[PDB]
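Enquirer: What follows is final02.txt, compact mmCIF, C-alpha atoms and all ligand atoms.
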# COMPACT_ATOMS: atom_id res chain seq x y z
CA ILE A 1 99.18 103.99 53.71
CA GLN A 2 96.69 102.29 51.47
CA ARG A 3 94.75 99.17 52.10
CA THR A 4 93.75 96.83 49.34
CA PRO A 5 90.21 95.43 49.42
CA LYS A 6 89.32 92.11 50.99
CA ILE A 7 86.99 90.35 48.55
CA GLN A 8 84.61 87.61 49.60
CA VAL A 9 82.21 85.80 47.30
CA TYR A 10 79.47 83.58 48.70
CA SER A 11 75.83 82.57 48.30
CA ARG A 12 73.00 83.93 50.43
CA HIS A 13 71.75 80.44 51.24
CA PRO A 14 73.71 77.16 51.19
CA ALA A 15 74.06 76.49 47.47
CA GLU A 16 72.39 73.71 45.52
CA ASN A 17 72.43 73.34 41.74
CA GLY A 18 69.00 74.15 40.32
CA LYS A 19 67.56 76.19 43.20
CA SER A 20 67.21 79.97 43.06
CA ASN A 21 69.73 81.76 45.28
CA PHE A 22 71.64 85.01 45.59
CA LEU A 23 75.32 85.63 44.94
CA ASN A 24 77.09 88.12 47.20
CA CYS A 25 80.34 89.92 46.74
CA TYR A 26 81.45 91.63 49.96
CA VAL A 27 84.29 94.12 49.47
CA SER A 28 85.85 95.52 52.61
CA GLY A 29 88.83 96.89 54.51
CA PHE A 30 89.92 99.20 51.70
CA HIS A 31 91.23 102.77 51.65
CA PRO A 32 90.90 105.21 49.93
CA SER A 33 87.20 105.02 48.95
CA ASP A 34 87.20 104.94 45.12
CA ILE A 35 86.45 101.42 43.91
CA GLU A 36 84.95 99.48 41.01
CA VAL A 37 83.03 96.21 41.32
CA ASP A 38 81.24 93.86 38.90
CA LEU A 39 79.77 90.39 39.14
CA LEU A 40 80.71 88.04 36.29
CA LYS A 41 78.94 84.99 34.88
CA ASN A 42 81.35 83.02 32.67
CA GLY A 43 83.73 85.96 32.35
CA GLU A 44 81.07 88.46 31.24
CA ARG A 45 79.58 91.30 33.33
CA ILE A 46 76.14 90.70 34.84
CA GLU A 47 73.95 93.76 34.29
CA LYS A 48 71.09 93.50 36.82
CA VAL A 49 73.19 93.83 39.97
CA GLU A 50 72.22 95.40 43.27
CA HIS A 51 74.69 97.14 45.59
CA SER A 52 74.65 99.01 48.90
CA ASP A 53 75.99 102.54 49.22
CA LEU A 54 79.62 102.94 50.27
CA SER A 55 79.86 102.16 53.99
CA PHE A 56 82.16 103.28 56.81
CA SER A 57 84.02 101.16 59.34
CA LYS A 58 85.34 102.25 62.75
CA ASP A 59 88.91 101.62 61.57
CA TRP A 60 88.32 104.27 58.82
CA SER A 61 88.21 101.74 55.98
CA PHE A 62 85.19 101.19 53.73
CA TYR A 63 82.95 98.35 52.67
CA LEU A 64 80.35 97.45 50.06
CA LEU A 65 77.96 94.64 49.21
CA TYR A 66 77.23 93.69 45.60
CA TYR A 67 74.69 90.96 44.89
CA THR A 68 72.68 89.37 42.10
CA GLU A 69 69.96 86.74 41.87
CA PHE A 70 71.18 83.49 40.28
CA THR A 71 70.57 79.79 39.93
CA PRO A 72 73.86 77.91 40.37
CA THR A 73 74.70 75.25 37.80
CA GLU A 74 77.60 72.80 37.69
CA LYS A 75 78.54 74.26 34.29
CA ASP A 76 78.43 78.02 35.02
CA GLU A 77 81.27 79.85 36.78
CA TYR A 78 80.73 83.06 38.73
CA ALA A 79 83.19 85.70 39.91
CA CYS A 80 83.63 89.16 41.39
CA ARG A 81 85.88 91.65 39.61
CA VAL A 82 87.34 94.56 41.54
CA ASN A 83 89.59 97.55 40.80
CA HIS A 84 91.09 99.94 43.35
CA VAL A 85 94.16 102.21 43.40
CA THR A 86 96.16 99.50 45.22
CA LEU A 87 95.64 97.21 42.19
CA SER A 88 97.61 97.30 38.92
CA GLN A 89 94.68 95.73 37.07
CA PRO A 90 91.21 94.45 38.00
CA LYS A 91 91.31 91.48 40.36
CA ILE A 92 88.94 88.64 39.53
CA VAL A 93 87.80 86.48 42.45
CA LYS A 94 86.05 83.20 41.64
CA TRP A 95 83.14 81.99 43.74
CA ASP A 96 84.29 78.75 45.37
CA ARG A 97 80.73 77.31 45.34
CA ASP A 98 80.67 76.28 49.05
CA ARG B 1 70.66 94.61 74.05
CA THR B 2 73.49 97.02 73.17
CA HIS B 3 72.80 99.69 70.51
CA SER B 4 74.73 102.55 68.93
CA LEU B 5 74.32 105.72 66.90
CA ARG B 6 77.17 107.15 64.88
CA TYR B 7 77.80 109.62 62.04
CA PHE B 8 80.82 109.62 59.75
CA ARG B 9 82.17 112.45 57.59
CA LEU B 10 84.50 111.73 54.65
CA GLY B 11 86.41 114.48 52.81
CA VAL B 12 88.54 113.89 49.67
CA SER B 13 90.80 116.55 48.13
CA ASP B 14 91.21 116.61 44.32
CA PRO B 15 88.83 113.70 43.80
CA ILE B 16 88.48 111.65 40.62
CA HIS B 17 85.18 112.28 38.85
CA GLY B 18 82.45 110.06 40.25
CA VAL B 19 83.85 110.63 43.72
CA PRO B 20 82.13 113.29 45.81
CA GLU B 21 84.34 115.75 47.69
CA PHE B 22 82.31 115.11 50.84
CA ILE B 23 80.01 112.40 52.21
CA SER B 24 78.33 112.08 55.61
CA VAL B 25 76.27 109.06 56.65
CA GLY B 26 74.58 107.93 59.86
CA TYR B 27 74.15 104.44 61.29
CA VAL B 28 72.09 102.90 63.99
CA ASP B 29 73.96 99.68 64.72
CA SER B 30 74.79 98.18 61.31
CA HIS B 31 71.89 99.96 59.54
CA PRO B 32 72.43 103.10 57.42
CA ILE B 33 69.90 105.79 58.51
CA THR B 34 70.90 109.07 56.82
CA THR B 35 73.05 110.25 53.91
CA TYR B 36 74.41 113.55 52.55
CA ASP B 37 77.02 114.29 49.94
CA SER B 38 78.50 117.21 48.03
CA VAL B 39 76.66 116.19 44.83
CA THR B 40 73.08 115.75 46.14
CA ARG B 41 73.72 118.52 48.66
CA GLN B 42 70.66 117.02 50.45
CA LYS B 43 70.20 115.02 53.65
CA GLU B 44 68.07 111.97 52.85
CA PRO B 45 66.80 108.91 54.77
CA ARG B 46 68.43 105.51 54.15
CA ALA B 47 65.89 103.54 56.17
CA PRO B 48 62.14 103.57 55.58
CA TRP B 49 61.42 103.96 59.32
CA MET B 50 63.50 107.15 59.36
CA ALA B 51 61.54 108.61 56.43
CA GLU B 52 58.14 107.77 57.94
CA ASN B 53 58.95 109.28 61.37
CA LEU B 54 60.93 112.49 60.72
CA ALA B 55 58.98 115.44 59.27
CA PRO B 56 60.40 117.43 56.31
CA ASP B 57 61.56 120.16 58.70
CA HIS B 58 64.18 117.76 60.11
CA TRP B 59 65.70 117.01 56.67
CA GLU B 60 65.65 120.74 55.73
CA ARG B 61 67.36 121.99 58.90
CA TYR B 62 70.12 119.39 58.88
CA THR B 63 70.65 119.84 55.12
CA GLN B 64 71.71 123.42 55.89
CA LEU B 65 73.97 122.30 58.71
CA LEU B 66 75.58 119.70 56.43
CA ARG B 67 76.25 122.25 53.70
CA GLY B 68 78.08 124.23 56.36
CA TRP B 69 79.97 121.18 57.64
CA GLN B 70 80.98 120.23 54.08
CA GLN B 71 82.76 123.56 53.56
CA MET B 72 84.53 123.40 56.98
CA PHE B 73 85.76 119.91 56.19
CA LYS B 74 87.23 121.13 52.85
CA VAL B 75 89.19 123.88 54.59
CA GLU B 76 90.44 121.63 57.43
CA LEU B 77 91.76 119.06 54.92
CA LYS B 78 93.56 121.86 53.03
CA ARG B 79 95.16 123.07 56.28
CA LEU B 80 96.24 119.53 57.21
CA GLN B 81 97.75 118.92 53.77
CA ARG B 82 99.69 122.16 54.14
CA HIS B 83 100.89 121.11 57.61
CA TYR B 84 102.15 117.82 56.21
CA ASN B 85 103.41 119.48 53.00
CA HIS B 86 101.27 117.00 51.05
CA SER B 87 100.04 117.42 47.49
CA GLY B 88 97.60 115.38 45.41
CA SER B 89 94.56 113.62 46.81
CA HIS B 90 94.25 112.94 50.54
CA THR B 91 91.40 112.00 52.86
CA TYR B 92 89.94 113.39 56.06
CA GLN B 93 87.43 111.57 58.27
CA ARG B 94 85.37 112.11 61.40
CA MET B 95 83.40 109.66 63.49
CA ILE B 96 81.11 110.71 66.35
CA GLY B 97 78.64 108.58 68.27
CA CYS B 98 77.35 106.84 71.36
CA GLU B 99 76.34 103.46 72.69
CA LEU B 100 73.50 102.54 75.00
CA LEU B 101 74.74 99.35 76.70
CA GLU B 102 72.63 96.45 77.94
CA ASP B 103 73.27 97.22 81.64
CA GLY B 104 72.09 100.76 80.91
CA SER B 105 75.40 102.59 81.11
CA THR B 106 76.65 104.65 78.14
CA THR B 107 79.60 105.34 75.86
CA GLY B 108 80.51 108.28 73.63
CA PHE B 109 83.31 108.90 71.11
CA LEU B 110 84.57 111.49 68.62
CA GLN B 111 87.62 110.86 66.46
CA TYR B 112 89.31 112.25 63.37
CA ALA B 113 91.52 110.47 60.87
CA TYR B 114 93.88 111.65 58.14
CA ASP B 115 94.53 109.36 55.15
CA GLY B 116 92.65 106.59 57.00
CA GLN B 117 94.81 106.72 60.16
CA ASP B 118 94.08 107.92 63.71
CA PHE B 119 94.78 111.65 63.97
CA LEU B 120 92.89 113.11 66.94
CA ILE B 121 90.85 111.36 69.61
CA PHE B 122 88.51 113.15 72.01
CA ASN B 123 88.30 112.12 75.65
CA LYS B 124 85.02 113.47 77.02
CA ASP B 125 86.05 112.55 80.57
CA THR B 126 89.12 114.81 80.55
CA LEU B 127 87.79 117.29 77.94
CA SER B 128 91.02 116.80 76.05
CA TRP B 129 92.18 115.75 72.60
CA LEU B 130 94.81 113.04 72.18
CA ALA B 131 97.17 113.82 69.24
CA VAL B 132 99.13 111.16 67.31
CA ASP B 133 101.89 113.52 66.09
CA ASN B 134 103.18 117.10 66.08
CA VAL B 135 100.72 118.21 63.36
CA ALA B 136 97.74 116.85 65.32
CA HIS B 137 99.23 118.46 68.45
CA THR B 138 99.13 121.79 66.61
CA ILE B 139 95.41 121.29 65.90
CA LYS B 140 94.79 120.00 69.41
CA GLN B 141 96.10 123.19 71.06
CA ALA B 142 93.69 125.32 69.07
CA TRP B 143 90.70 123.08 69.88
CA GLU B 144 91.61 122.73 73.57
CA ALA B 145 91.67 126.51 73.98
CA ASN B 146 87.94 126.65 73.32
CA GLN B 147 86.52 125.42 76.61
CA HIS B 148 82.87 125.92 75.60
CA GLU B 149 83.14 123.77 72.47
CA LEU B 150 84.62 120.92 74.60
CA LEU B 151 81.76 121.21 77.12
CA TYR B 152 79.29 121.35 74.23
CA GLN B 153 80.68 118.14 72.72
CA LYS B 154 80.58 116.32 76.08
CA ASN B 155 76.92 117.27 76.39
CA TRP B 156 76.16 116.13 72.85
CA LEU B 157 77.87 112.74 73.34
CA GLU B 158 76.35 112.01 76.77
CA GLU B 159 72.85 113.51 76.52
CA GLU B 160 71.76 114.49 72.98
CA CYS B 161 73.27 111.50 71.17
CA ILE B 162 71.76 109.04 73.63
CA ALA B 163 68.39 110.76 73.28
CA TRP B 164 68.57 110.57 69.46
CA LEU B 165 69.46 106.88 69.66
CA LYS B 166 66.51 105.98 71.94
CA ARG B 167 64.27 107.96 69.59
CA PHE B 168 65.58 106.10 66.50
CA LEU B 169 65.44 102.75 68.26
CA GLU B 170 61.74 103.21 68.81
CA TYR B 171 61.18 104.28 65.18
CA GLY B 172 62.99 101.20 63.84
CA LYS B 173 62.07 98.78 66.59
CA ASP B 174 60.44 96.21 64.27
CA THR B 175 63.85 95.93 62.62
CA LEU B 176 66.42 96.82 65.25
CA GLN B 177 64.96 94.84 68.14
CA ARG B 178 63.86 91.66 66.40
CA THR B 179 65.62 88.36 66.84
CA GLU B 180 66.23 85.82 64.10
CA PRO B 181 67.97 82.73 65.44
CA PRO B 182 70.89 81.05 63.63
CA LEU B 183 70.55 77.93 61.51
CA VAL B 184 73.62 75.97 62.53
CA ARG B 185 75.27 72.83 61.16
CA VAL B 186 78.64 71.08 61.50
CA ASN B 187 80.38 69.77 58.41
CA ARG B 188 83.01 67.04 58.51
CA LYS B 189 85.57 66.21 55.81
CA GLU B 190 88.95 64.54 55.27
CA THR B 191 91.06 67.03 53.34
CA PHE B 192 94.82 66.49 53.29
CA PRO B 193 95.37 62.74 53.87
CA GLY B 194 95.04 61.91 57.59
CA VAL B 195 93.57 65.34 58.37
CA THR B 196 89.90 65.82 59.28
CA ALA B 197 88.43 69.33 59.05
CA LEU B 198 85.37 70.37 61.05
CA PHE B 199 83.37 73.41 59.97
CA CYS B 200 80.70 74.93 62.21
CA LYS B 201 78.50 77.06 59.97
CA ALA B 202 75.75 79.49 60.94
CA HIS B 203 73.42 81.57 58.79
CA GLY B 204 70.03 83.32 58.80
CA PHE B 205 70.61 85.17 62.07
CA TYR B 206 69.93 88.73 63.21
CA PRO B 207 71.39 90.66 64.99
CA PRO B 208 74.86 90.08 63.49
CA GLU B 209 76.53 89.69 66.90
CA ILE B 210 77.22 85.97 67.40
CA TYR B 211 79.61 83.84 69.48
CA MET B 212 80.94 80.62 68.02
CA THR B 213 83.64 78.45 69.45
CA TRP B 214 84.94 74.91 69.34
CA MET B 215 85.41 72.77 72.41
CA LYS B 216 86.74 69.28 73.13
CA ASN B 217 85.68 67.03 76.03
CA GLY B 218 83.53 69.82 77.46
CA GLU B 219 86.36 72.35 77.81
CA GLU B 220 88.21 75.15 75.99
CA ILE B 221 90.27 74.31 72.91
CA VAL B 222 93.98 75.16 72.53
CA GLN B 223 94.53 74.22 68.87
CA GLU B 224 94.12 76.73 66.04
CA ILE B 225 90.54 77.79 65.35
CA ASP B 226 89.82 79.57 62.11
CA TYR B 227 87.07 82.20 62.11
CA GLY B 228 84.89 83.28 59.21
CA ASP B 229 83.90 86.94 59.14
CA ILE B 230 80.30 87.73 60.05
CA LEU B 231 78.92 88.56 56.60
CA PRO B 232 75.66 90.10 55.37
CA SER B 233 73.60 87.61 53.37
CA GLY B 234 71.69 90.39 51.62
CA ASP B 235 68.25 89.76 53.14
CA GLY B 236 68.82 91.52 56.49
CA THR B 237 70.46 88.46 58.07
CA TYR B 238 74.06 87.37 58.55
CA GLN B 239 76.28 84.28 58.28
CA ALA B 240 79.53 83.07 59.85
CA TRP B 241 81.58 79.99 60.65
CA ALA B 242 84.40 78.50 62.68
CA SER B 243 86.65 75.53 61.88
CA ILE B 244 89.28 73.24 63.47
CA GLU B 245 91.22 70.04 62.76
CA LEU B 246 91.31 66.46 64.02
CA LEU B 253 84.91 64.30 71.26
CA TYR B 254 84.45 67.77 69.76
CA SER B 255 81.52 70.15 69.97
CA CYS B 256 80.57 73.49 68.43
CA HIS B 257 79.12 76.07 70.83
CA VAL B 258 77.03 78.96 69.59
CA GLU B 259 75.47 81.75 71.59
CA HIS B 260 73.10 84.26 70.03
CA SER B 261 70.68 86.68 71.72
CA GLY B 262 70.45 84.83 75.04
CA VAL B 263 70.28 81.35 73.58
CA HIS B 264 73.08 78.81 73.80
CA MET B 265 73.43 75.98 71.31
CA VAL B 266 75.70 72.92 71.30
CA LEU B 267 76.40 70.63 68.33
CA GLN B 268 78.22 67.45 69.36
CA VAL B 269 80.47 65.97 66.70
CA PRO B 270 79.72 62.27 66.81
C1 LIG C 1 70.87 114.26 60.85
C2 LIG C 1 70.55 114.37 62.31
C3 LIG C 1 72.30 114.19 60.48
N1 LIG C 1 73.15 114.45 61.42
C4 LIG C 1 74.52 114.40 61.19
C5 LIG C 1 75.30 114.63 62.35
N2 LIG C 1 74.72 114.76 63.54
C6 LIG C 1 75.33 114.62 64.85
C7 LIG C 1 75.84 115.89 65.53
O1 LIG C 1 74.77 116.83 65.70
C8 LIG C 1 76.97 116.54 64.72
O2 LIG C 1 77.93 115.54 64.37
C9 LIG C 1 77.68 117.67 65.46
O3 LIG C 1 78.75 118.16 64.64
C10 LIG C 1 78.24 117.22 66.82
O4 LIG C 1 78.77 118.31 67.56
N3 LIG C 1 76.67 114.54 62.29
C11 LIG C 1 77.33 114.23 61.13
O5 LIG C 1 78.56 114.15 61.09
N4 LIG C 1 76.56 114.00 60.02
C12 LIG C 1 75.18 114.08 59.93
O6 LIG C 1 74.63 113.88 58.85
What do you get writing this file as structure tokens?
Expert:
Amino acid sequence: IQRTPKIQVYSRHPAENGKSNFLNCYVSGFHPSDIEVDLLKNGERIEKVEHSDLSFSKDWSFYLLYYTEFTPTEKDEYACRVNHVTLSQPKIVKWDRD
Amino acid sequence: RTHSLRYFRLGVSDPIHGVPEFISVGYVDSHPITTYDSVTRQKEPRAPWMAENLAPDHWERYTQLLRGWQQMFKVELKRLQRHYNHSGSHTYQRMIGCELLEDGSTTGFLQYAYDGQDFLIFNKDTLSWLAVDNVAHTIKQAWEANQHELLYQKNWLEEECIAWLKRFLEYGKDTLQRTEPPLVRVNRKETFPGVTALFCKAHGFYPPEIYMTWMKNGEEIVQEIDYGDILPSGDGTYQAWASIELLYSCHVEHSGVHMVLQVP
């Protein structure tokens, strides 16, 4: 039995257009461990992205945190793109901007 | 405050490239402390207060142990796959650890999983292994025949593990034992016509353990409360929320402090 990743996209602080913030993509509850994650700004991969090492949960699934520094604008759209064996093609999850 | 020490092992057969055959990492509470894998073949710190407090001799000695544990894990996965007549890539996992509770009592656990599911569970109080199926029962019989190993693992869980944890807690005390209180607000909004949603949102808190609930007229709710996961904000602190529909009040407890936000 395989478990597809839960994907949650949110800002570090309550978002406000114009003020420096951080964008998080928390990817969790998946199994097996192999996984691919990118942050996207207007459909294109962001390159200066931090991430934690693969992490282990008590229920044997895994989790990861990807983040990047950003300044939210009304115009720009951010997302988190994820691939995993349970997925036919990469899943793109839009940030809902609070 | 309650704390815990645990180590995981992860074994993958026939892995894709980029995926190590074997990984082992340690945690104190939610914080990574150690890591080893079949590519580095080295045990390394994952917290600065581990690196500063354990001499090179520690990393050397446990690197050798891990290299040994890596090979055992490979063989055990192969034997399991054979038992299940499985081919292709499968996973094998171990978790061992202990908790030092607030009241001072303790907890210990040791479990194995196959393809991400419970396989064998150790009971240190009976010195027995609980098996989920006939394959695990086969493995159990072998392990339960070795009385000394069972005694040894009971001792490690109850004495050694707890001693390691206390040791690590002191090393990382500036981190592990700090308190950062939640910033909490209630948000109100009409969504669907007629409906009013009430979100109680907390962020900026450490440790991640937080209690949030909604109440009406000073007593327990009965309607459906929705809970946000407790999520890492990336700076060492966490965030979370709870919502209901619609005098209401949000109640938050964190590290010995209770907070009430009355919805006017
Ligand atoms: C550095 C101390 C890494 N330790 C480590 C351990 N350590 C706990 C324990 O000695 C070990 O699990 C024995 O097998 C218990 O009988 N365990 C682990 O799985 N990974 C580690 O990196």
Enquirer: As an MDAnalysis selection string, please: the residues near residue 116 of chain B (cut-off 7 Å, only C-alpha atoms, same-chain neighbours under 5 positions excluded).
Expert: (chainID A and resid 31 60:61) or (chainID B and resid 91)
Enquirer: May I have a table of the residues of chain B lying at most 7 Å from chain A, giving each one's closest pair of atoms and their distance in Å to one decimal, counting all atoms listed in the file, ordered by chain and ascending residue number, as JSON lines?
Expert:
{"residue": "B:19", "atom": "CA", "partner": "A:34", "partner_atom": "CA", "distance": 6.7}
{"residue": "B:116", "atom": "CA", "partner": "A:60", "partner_atom": "CA", "distance": 5.2}
{"residue": "B:233", "atom": "CA", "partner": "A:12", "partner_atom": "CA", "distance": 4.7}
{"residue": "B:234", "atom": "CA", "partner": "A:12", "partner_atom": "CA", "distance": 6.7}
Enquirer: Using all atoms listed in the file, which residues have at least one atom no more than 7 Å from ligand LIG 1 (chain C)? Output them as an NGL selection string.
Expert: :B and (7-9 or 24-26 or 34-36 or 43 or 62 or 66 or 96 or 153 or 156)
Enquirer: Just checking: using all atoms listed in the file, which residue out of A:89, A:42, A:28, A:83 ends up closest to residue 64 of chain A?
Expert: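 Checking each of A:89, A:42, A:28, A:83 against residue 64 of chain A, counting all atoms listed in the file, the winner is A:28.
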Enquirer: Choose the residue, out of A:80, A:15, A:46, A:7, that has the smallest atom-to-atom separation from residue 92 of chain A; count all atoms listed in the file.
Expert: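 Of the candidates, the smallest distance to residue 92 of chain A is held by A:80.
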Enquirer: So the first atom is atom CA of residue 9 of chain A and the second is atom CA of residue 94 of chain A; what is the distance between them in Å, to one decimal place?
Expert: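 Calculated distance between atom CA of residue 9 of chain A and atom CA of residue 94 of chain A is 7.3 Å.
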Enquirer: Between atom CA of residue 79 of chain A and atom CA of residue 95 of chain A, what is the spacing in Å?
Expert: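 Going from atom CA of residue 95 of chain A over to atom CA of residue 79 of chain A covers 5.3 Å.
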Enquirer: Just give me the gap between atom CA of residue 92 of chain B and atom CA of residue 42 of chain B in Å, one decimal is fine.
Expert: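 Computing the Euclidean distance for atom CA of residue 92 of chain B and atom CA of residue 42 of chain B yields 20.4 Å.
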Enquirer: So, counting all atoms listed in the file, which residue among B:131, B:55, B:77, B:161 is closest to residue 22 of chain B?
Expert: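 Ranking B:131, B:55, B:77, B:161 by distance to residue 22 of chain B, first place goes to B:77.
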Enquirer: Could you put an axis-aligned box around every listed atom of segment 93-96 of chain A, padded by 3 Å on each side, and send me its centre and edge lengths in Å to one decimal, as JSON?
Expert:
{"center_x": 85.5, "center_y": 82.6, "center_z": 43.5, "size_x": 10.7, "size_y": 13.7, "size_z": 9.7}
Enquirer: Might you pull out every residue within 10 Å of segment 138-149 of chain B, with all atoms listed in the file counted and same-chain residues fewer than 2 positions away left off, and present them as a PyMOL selection string?
Expert: chain B and resi 76+79-80+83+119-122+127-131+133-136+151-155
Enquirer: Check the smallest atom-to-atom distance from each of A:48, A:19, A:41, A:97 to residue 76 of chain A using all atoms listed in the file, then report the winner.
Expert: A:41
Enquirer: Looking at A:5, A:72, A:43, A:18, which one is nearest to residue 84 of chain A, with distances taken over all atoms listed in the file?
Expert: A:5
Enquirer: So which one's closest to residue 110 of chain B, B:72, B:179, B:52, B:5? Using all atoms listed in the file, please.
Expert: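 Closest residue, counting all atoms listed in the file: B:5.
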